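Notes to accompany the following structure.
Protein chains: 2
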Amino acid sequence: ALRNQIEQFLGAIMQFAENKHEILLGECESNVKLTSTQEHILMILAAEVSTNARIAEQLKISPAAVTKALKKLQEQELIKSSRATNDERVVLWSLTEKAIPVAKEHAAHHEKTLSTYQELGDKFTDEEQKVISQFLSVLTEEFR
Amino acid sequence: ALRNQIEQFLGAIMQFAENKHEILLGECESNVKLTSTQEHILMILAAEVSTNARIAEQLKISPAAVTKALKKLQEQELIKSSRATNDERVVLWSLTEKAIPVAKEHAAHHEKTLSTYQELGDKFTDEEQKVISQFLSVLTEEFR
Ligand SMILES: [Zn+2]
Ligand SMILES: [Zn+2]
Ligand SMILES: [Zn+2]
Ligand SMILES: [Zn+2]
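Put into structure tokens, the structure is as follows:
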């Protein structure tokens with residue numbers, strides 16, 4: 002029965018992420034029209050001023066998709082270009098004042114998702130959460 | 002830490018299905034060059050002779066993607082067209098003798114995937130599998 006439940010559970014995630022890149026539980030409270038990745042790019046740029054290369058490394062997406070998402074992001078006056086004193090085809094990205102609340106929302110939407118996972122876990126005792134933790138460790142390794 | 006582990010586990014599935022539609026664990030033993038969905042279409046057609054509409058319902062994919070996959074499937078002499086005595090734009094699909102071992106492989110790769118899930122579950126006792134089952138029930142409902 003557990004074999005069929007694991008197949009069912011993984012199947013539900015498949016349907017849920019047929020067009021999404023990341024899993025975010027709840028609804029997006031952003032007033033601006035931006036995709037999952039686009040809003041996340043603003044989130045990582047808020048904490049640290051990142052280059053075109055680091056965005057691809059953090060998001061785990063292709064640099065071709067990065068330039069495609071960054072061009073639509075700078076179009077809506079959300080991100081601004083910057084270049085170092087020792088240029089080695091280096092393009093640093095900075096966050097504008099227009100993007101600051103959007104990045105704040107996504108960071109809150111990520112902690113909102115984790116808090117819902119925390120609740121589901123808190124239904125079980127410390128010794129029960131260990132059994133779940135051990136399972137999710139073995140299962141996650143099949144997808145690595 | 003469980004909230005972070007759930008976020009990590011779901012993330013590993015995200016990376017796994019970035020180009021996949023269904024989760025199959027193990028390498029594909031098929032000698033013919035066909036995609037995940039293409040080899041799954043042959044599997045469902047082997048047991049029951051399905052119409053162009055039921056394929057979209059079973060696979061949970063758009064009928065536009067169905068015709069795109071069915072045209073490449075009939076090209077390699079794997080599937081054959083059929084029409085009823087009372088035609089109401091009905092296009093029934095039948096499996097050829099060339100496709101029979103391919104559908105058999107896929108069905109065995111799905112049982113190979115379930116058997117690996119069975120193993121991971123069998124590591125835990127009957128009372129421990131209940132704790133996991135209760136968790137996966139509550140978690141799967143967030144993606145429904
Ligand atoms: Zn995000
Ligand atoms: Zn958001
Ligand atoms: Zn399949
Ligand atoms: Zn196969």
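Residue numbers (the deposited numbering), protein chains in the order written: chain A, 2 to 145; chain B, 2 to 145. Ideal placement from N, C-alpha and C gives every residue a C-beta, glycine not left out.
Mapping the DSSP letters down to three states, classify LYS34/B as helix, strand or coil. What you label residue 34/B is simply residue 33 of the second sequence in a count that begins at 1. Secondary structure of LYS34/B (DSSP, three-state): coil.
Scan the segment 37-119 of chain B and note each continuous beta strand (DSSP E) run of 3 residues or more that stays entirely inside, going in chain order. Counting whole runs of 3 or more residues, the segment 37-119 of chain B contains the beta strand (DSSP E) stretches 80-83 and 93-96.
Could you list the residues in the segment 10-28 of chain B with a C-beta less than 9 Å from some C-beta on chain A, going in chain order? Those residues of the segment 10-28 of chain B that come within reach of chain A (Cβ to Cβ, closer than 9 Å) are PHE10, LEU11, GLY12, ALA13, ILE14, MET15, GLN16, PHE17, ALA18, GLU19, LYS21, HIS22, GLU23, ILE24 and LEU26.
Along the alpha helix (DSSP H) that carries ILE24/B, what are the first and last residues, could you check? To locate residue 24/B, count along the second sequence from 1; it is residue 23. Counting along the chain, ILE24/B sits inside no alpha helix (DSSP H), nor does DSSP assign it H or E at all.
Starting from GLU142/A, trace the alpha helix (DSSP H) in both directions and tell me its first and last residue. Position 141 of the first sequence, counted from the first residue, corresponds to residue 142/A. Looking at the DSSP string, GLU142/A is not in any alpha helix (DSSP H), and its letter there is neither H nor E.
By a C-beta neighbour count over all protein chains shown, 10 Å radius and 16 as the cutoff for buried, is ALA65/A buried or exposed? Within the first sequence, numbered from 1, the residue matching residue 65/A stands at position 64. Burial call: exposed.
Could you tell me if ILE56/A is buried or exposed, where buried requires 16 or more neighbouring beta carbons within 10 angstroms of its beta carbon? Taking the first residue of the first sequence as position 1, residue 56/A is located at position 55. Taking all protein chains in view, the Cβ of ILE56/A is crowded by 16 or more other Cβ atoms within 10 Å, so the residue is classified as buried.
Of the residues that make up the segment 113-128 of chain B, which ones have a beta carbon closer than 8 Å to any beta carbon in chain A? Answer set for the segment 113-128 of chain B: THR114, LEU115, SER116, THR117, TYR118, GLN119, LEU121, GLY122, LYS124 and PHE125.
Assess contact between the segment 126-135 of chain A and the segment 30-38 of chain A, defined as three or more Cβ pairs (one per stretch) separated by less than 8 Å. Is contact present? By the Cβ criterion, the segment 126-135 of chain A is not in contact with the segment 30-38 of chain A, since fewer than three pairs of Cβ atoms, one from each stretch, lie closer than 8 Å.
Beta carbon proximity, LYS69/B to chain A, threshold 9 Å: As a working note, residue 69/B is residue 68 in the second sequence. Chain A contact via Cβ: absent.
With a threshold of 8 Å, establish whether the CB of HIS41/A neighbours any heavy atom of ligand 3. As a position in the first sequence, residue 41/A is number 40, starting the count at 1. It does not: the Cβ of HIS41/A is nowhere closer than 8 Å to a heavy atom of ligand 3.
Taking 9 Å as the CB-CB cut-off, is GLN135/A touching chain B? Sequence index remark: in the first sequence, residue 135/A carries index 134 (1-based). So yes, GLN135/A belongs to the interface.
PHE17/B lies in the alpha helix (DSSP H); which residues open and close that run? On the second sequence, position 16 is the one that residue 17/B refers to. Its alpha helix (DSSP H) spans residues 3-17.
State yes or no: is the C-beta of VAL92/B within less than 9 Å of the C-beta of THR52/B? Translated into positions along the second sequence, residue 92/B becomes position 91. Translated into positions along the second sequence, residue 52/B becomes position 51. For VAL92/B and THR52/B, yes; Cβs fall inside 9 Å.
Is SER116/B near ligand 4 - that is, is its Cβ less than 8 Å away from at least one heavy atom of it? Indexing the second sequence from 1 puts residue 116/B at position 115. Remark: the C-beta of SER116/B is outside contact range of ligand 4, defined as less than 8 Å to any heavy atom.
Secondary structure of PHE136/A, DSSP reduced to three states: Counting from 1 along the first sequence, the entry for residue 136/A is found at position 135. In the displayed model, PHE136/A falls within a helix according to three-state DSSP.
So for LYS131/A, helix, strand or coil by DSSP? Start at 1 with the first residue of the first sequence, and residue 131/A comes out as number 130. The answer is helix: DSSP assigns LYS131/A an H, G or I state.
Can you have a look at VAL50/A and say buried or exposed, based on whether 16 or more other CB atoms are within 10 angstroms of its CB? Locating residue 50/A in the first sequence gives position 49, where the first residue counts as 1. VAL50/A comes out exposed.
With 8 Å as the C-beta to C-beta threshold (strictly closer), list the residues of the segment 48-61 of chain B near chain A in chain order. Taking 8 Å as the Cβ-Cβ cut-off against chain A, the residues of the segment 48-61 of chain B that qualify are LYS61.
Using the rule of at least 16 other Cβ atoms within 10 Å of the residue's Cβ for burial, across every protein chain shown, is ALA100/B buried or exposed? Mapped onto the second sequence, residue 100/B falls at position 99. Flag for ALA100/B reads buried.
Taking buried to mean at least 16 other C-beta atoms within 10 Å of its own C-beta, is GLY27/B buried or exposed? Within the second sequence, numbered from 1, the residue matching residue 27/B stands at position 26. Its Cβ having fewer than 16 others within 10 Å, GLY27/B is exposed.
By alpha-carbon positions, which one of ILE42/B, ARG84/B and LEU115/B ends up nearest to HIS22/B? Working through the second sequence from its first residue, we reach residue 22/B at position 21. Of the candidates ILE42/B, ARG84/B and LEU115/B, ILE42/B places its Cα closest to the Cα of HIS22/B.
Cα-Cα separation between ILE133/B and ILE133/A, rounded to whole angstroms: The residue you call residue 133/B lines up with position 132 of the second sequence. The residue you call residue 133/A lines up with position 132 of the first sequence. The alpha-carbon separation between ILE133/B and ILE133/A amounts to approximately 6 Å.
Do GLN16/B and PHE144/A have their C-beta atoms within less than 9 Å of each other? To locate residue 16/B, count along the second sequence from 1; it is residue 15. To locate residue 144/A, count along the first sequence from 1; it is residue 143. Closer than 9 Å, so yes.
Is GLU112/B close to ligand 1? I mean its beta-carbon at under 8 Å from any heavy atom of the ligand. For the purposes of this step, residue 112/B is taken as the residue at position 111 of the second sequence. Not under cutoff, so the answer is no.
Sequence-distant residues of its chain with Cβ nearer than 8 Å to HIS111/A (five each side left out): Stepping through the first sequence from its first residue, residue 111/A is reached at position 110. In its chain, beyond the 5 residues on either side, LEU25 and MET44 have a beta carbon closer than 8 Å to the beta carbon of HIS111/A.
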